[PDB]
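First, one chain by itself in structure tokens, the form deposited in one PDB entry.
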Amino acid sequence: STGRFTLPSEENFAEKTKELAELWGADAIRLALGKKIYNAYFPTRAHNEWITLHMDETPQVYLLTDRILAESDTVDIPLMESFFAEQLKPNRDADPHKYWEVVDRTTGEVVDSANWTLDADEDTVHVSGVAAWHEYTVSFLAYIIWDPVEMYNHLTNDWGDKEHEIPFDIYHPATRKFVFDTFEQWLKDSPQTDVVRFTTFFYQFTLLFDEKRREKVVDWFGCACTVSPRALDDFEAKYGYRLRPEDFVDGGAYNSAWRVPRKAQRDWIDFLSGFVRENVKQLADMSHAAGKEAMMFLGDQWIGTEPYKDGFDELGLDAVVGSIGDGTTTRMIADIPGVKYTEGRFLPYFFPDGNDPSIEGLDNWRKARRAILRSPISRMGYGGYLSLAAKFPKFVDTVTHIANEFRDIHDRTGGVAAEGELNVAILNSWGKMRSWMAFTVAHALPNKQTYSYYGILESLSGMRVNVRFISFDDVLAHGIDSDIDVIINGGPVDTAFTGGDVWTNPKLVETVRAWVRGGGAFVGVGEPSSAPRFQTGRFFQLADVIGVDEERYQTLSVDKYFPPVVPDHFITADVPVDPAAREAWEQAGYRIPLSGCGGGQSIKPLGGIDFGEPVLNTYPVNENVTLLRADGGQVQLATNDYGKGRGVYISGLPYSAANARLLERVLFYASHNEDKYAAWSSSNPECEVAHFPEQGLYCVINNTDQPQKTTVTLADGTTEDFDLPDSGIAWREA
């Protein structure tokens, strides 16, 4: 129809915005047009005139120095040598001996404050009475004198000499009053503004730069940049113990979300969230009283908001808007409960950095569309310079097609989600609060270390099943909900995502085993249920369930015997064959048992599947485990029957259409639901089907810019053939 679209604007372009709004069925702009007007609002910056007179009220952060080697009983530790001095400055106002910590990293012990001094004229700490040949660090408070995101944009775009925006912390009453008074006045001064687009609120996700103007530390969920002597003293009075600098710097980990969460972290999250939420409610209330909608950007200063924790609905936010990078980041936005609507800001950004922009635009659409069919988002839009995009007529036509397809989905489905064929729960330390947020370091930027696991979320994001996120605490307190078909546990050992020492809790192991034994399904990816040193002979504590353990060089005396790999199986049914590869694998056969080397490992790989980063020396726990891929003398893919249920091991799973199909088949197989797989399935992995039963229709989508041929199988057993063009979509009667 028309609507559900946010068109960005600029000056001296009033005429073409009218044409592009008319062409794109836009109902919002970021004046006489009758459009909803969005205004970005930046609560903690844009007022150097305030903060320069109150410089002790900028946000602060605990910073950890480089490790400095003592070569006798004294050592000097430079504070600022590894940090960007334009962004960060040591706090000399708050008593260093009270607020800072010098640590001997070699022993883990805190150096007595009587044994170190801060230099009067240099940013350097002198430590005396120390042990030679140990490494020492300082953890110190630092003011953030440049708003991290503004700084990133400055550096990236090369804003040269432009004045640096100094950020402020509303935890201080003088600054808080300033902010609310300013917003009050701003509202009165902006009668044209229909939506306050808060970008964002009060605390920046951890984002620190080094002396070379490069990113030094980043965590999209990190709350490093949220301390002050006042907050820390108040925490102590509220929680009943004092936080150490170490509770923030975390030996150099800075409380990465990959770390197994500690009590101190959760307490700090609780404390910060209570404060942030009340102030956000106040901002929402002021916006509402002025007759405007309040919308939050899912990012930047989003720390303490916790959109997936209970009570978020109480803030009365009208909307969440977020960055659509892929399916996972789409679901991050779409699944948020307790706002009236959601918006994705789509790609490409309308920005200069011959080229055909339609390609990226249609790709972004596809990456997200498959997620949207599973969990609809209310609105779409783009950001930036609308005059720049007006130049590329093929891109404009692209957008008209997308906005239409977007509205047509809504018209056909009424914004109902597609029906899900199985209930899948991802189990980790965080649970619901980090829904779709597992494995992220930097937003939308998976890397070598993370992509073998992020691929699981990415596959699931657009899959025809219902995904929920549960924690070990949920499971321990309530058991496993009776409606769950499959639990997934995945990640490296000693992370929040596998769980760490929670696996040495016999109650957890009893609950899972009993549940799988009764008909449950457990899928372990990478190093599932891992717990180091607990048992000499068992690393994955649920190795018995999935039929696979990892050799950790404690069991090399025990010969490992691999059963023959099963090349024709339901799980691998869609993996493109490759006759000459299979032939070579069959001809080379399996190792003969040899002293100290076990036996039965294939001499050549079968291949055909990309499992990402290897988990070295995985092996089957007995010869009744079904090996599906075990190339290179270790195991990538296996399945094991366990009473009435099944476990599956996957070493890793980078996203691709092939690997989403593999995981999907894993899910149906492990839950003994093979006979449920056929209904509402595409024969081609490159296409997916969304069934909308109560509207009596289904659709099939081409997940690629390729023509794709596919056969859809209906519930009634009949089949229908399709020949979808680039990014296509066909609708049928159910």
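Quick note: we count residues from 1 along the sequence shown, nothing fancier. We call the rigid core the largest set of C-alpha positions that still match within 1.5 Å between the two forms.
The same protein has a further form, the form deposited in another entry, not shown here; the description that follows concerns it.
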Entry of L347, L283, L373, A257 that shows, once the rigid core is matched between this form and the one not shown, a C-alpha shift of 2 Å or more:
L347
After fitting the rigid core, is the C-alpha of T450 off by 2 Å or more between this form and the one not shown?
no
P78: Cα shift of 2 Å or greater between this form and the one not shown (core-aligned):
no
With a threshold of 2 Å on the C-alpha, tell me if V399 counts as moved between this form and the one not shown once the core is superposed.
yes
